[PDB]
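Next come the chains, spelled out residue by residue.
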Amino acid sequence: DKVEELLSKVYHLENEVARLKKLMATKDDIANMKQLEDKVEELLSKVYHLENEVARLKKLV
Amino acid sequence: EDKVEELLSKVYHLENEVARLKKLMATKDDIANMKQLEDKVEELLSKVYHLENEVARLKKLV
Amino acid sequence: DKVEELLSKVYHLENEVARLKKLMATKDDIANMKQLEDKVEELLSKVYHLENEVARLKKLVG
C-alpha cells in the first residue's frame, strides 16, 4: 500500500527528471551570452567612432 | 525487503541527478539578461540605420 | 521506518523538481540566442561596410 505509493511517485519523478534533463540541453550557456555581450561591446565601440567620424565629415562638407 | 531496497537505490540516483541538474541550471542564461542584450541590439541597429542614411548623403554631396 | 525515510526523501525531491521546473522557465532558449546571433551577424557586416565608406569619404574630401 505505502510501498506502492512510493513506487508510483518514484516513477513520476524519474520521468520529470528525464524531461528536465532534456529541457536543460535546450537552454543557452552563460559563456555564449558573455561572448555575444563582448561582440555587442565591440559594435558599441565601432558605432561610437563612426558617429564621431561622420560628424567631422558632415561639418567639412 | 526487495521493493524497499530497489526504492532506496532509485531515490539515491534521483538525488544525484537532481543535484547535477541544480549545478547545470546555474550555468544557463536568464531571460531578463537576454532581454537587456536585445535592448542594446535594438539600439545599435537604429544607430546603424541613422548612420547609413547620413553616409548616403555624404557620398552624394562629395 | 525505511518507508518513512523514503516518504521523506520523495517529498523533498518533489519540491526540488517543482522548483527546478519554474526555474527552467526563467532561462532563455538556444533558439532565441541563435536569433540574436543572426542580428549581430548583420550589424557587424553593416558596420564593416560603413567603415569602408567613411574611410573613402575621409580620403576623398581631405
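Procedures and definitions
Residues numbered from 1 in each chain as written, not as in the entry; some residues may be left out. Chains lettered and ligands numbered in written order. Heavy atoms only, no water. Residues with missing side-chain atoms left out of burial classes, pairs and counts. Helix = DSSP H or I, 4+ residues; strand = E, 2+ residues; numbered from the N terminus. Rg over C-alpha atoms; globule rule 2.2 N^0.38 Å. Contact = heavy atoms within 4.5 Å. Nonpolar A, V, L, I, M, F, W, Y, C, P; charged D, E, K, R; others polar. Patch = residues over 30% accessible without salt bridge, like charges linked within 9 Å, V, L, I, M, F, W, Y side chains within 5 Å. Areas by Shrake-Rupley, 256 points an atom, 1.4 Å probe, with all protein chains shown as cover. Salt bridge = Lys/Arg side-chain N within 4 Å of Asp/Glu carboxyl O. Buried < 20%, exposed > 50% of the residue type's maximum accessible area, 1.4 Å probe, protein only.

### Details of the overall build of chain A
No. 1: Looking only at helices and strands, chain A features two helices and zero strands.
No. 2: Taken against the 2.2 N^0.38 rule, which gives 10 Å for 61 residues, the C-alpha radius of gyration of chain A at 27 Å runs more than 25% over that of a compact globule.
No. 3: For chain A, the C-alpha atoms occupy an extent of roughly 90 × 15 × 15 Å along the three principal directions.

### Some points on the interface of chain B and chain A
No. 1: If you look at the interface, chain B gives 29 residues, while chain A gives 27 residues.
No. 2: Contributions of two or more residues to the side of chain B that touches chain A are made by α1 (2-26) and α2 (31-61) of chain B.
No. 3: Per-element tally for the side of chain B that touches chain A: the top contributor is α2 of chain B, with 13 residues.
No. 4: Among the residues making up the side of chain B that touches chain A, the classes are represented as 19 nonpolar, two polar and eight charged.

### Some remarks on the environment of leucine 7 of chain C
No. 1: By secondary structure assignment, the location of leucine 7 of chain C is in helix α1 (residues 2-24).
No. 2: Along the primary structure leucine 7 of chain C and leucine 43 of chain C are separated by 36 residues, whereas in three dimensions their C-alpha atoms are 56 Å apart.

### Structural notes on a nonpolar patch on the surface
No. 1: A grouping of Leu60 and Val61 of chain A, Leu61 and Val62 of chain B together with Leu60 and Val61 of chain C is seen on the molecular surface, where their side chains present a nonpolar patch of about 580 Å² in accessible area.
No. 2: With respect to the helices and strands, the residue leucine 60 of chain C is situated in helix α2 (residues 30-61).
No. 3: You can call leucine 60 of chain C exposed: its relative accessible area is 59%.

### Brief notes about the interface of chain C and chain A
No. 1: Contact residues are listed per partner, giving 27 residues for chain C and 30 residues for chain A.
No. 2: Of all the elements in the fold, those that place two or more residues in the side of chain C that touches chain A are α1 and α2 of chain C.
No. 3: The dominant element in the side of chain C that touches chain A, judged by the number of residues it contributes, is α2 of chain C, at 14 residues.
No. 4: In the side of chain C that touches chain A, the residues fall into 19 nonpolar, no polar and eight charged.

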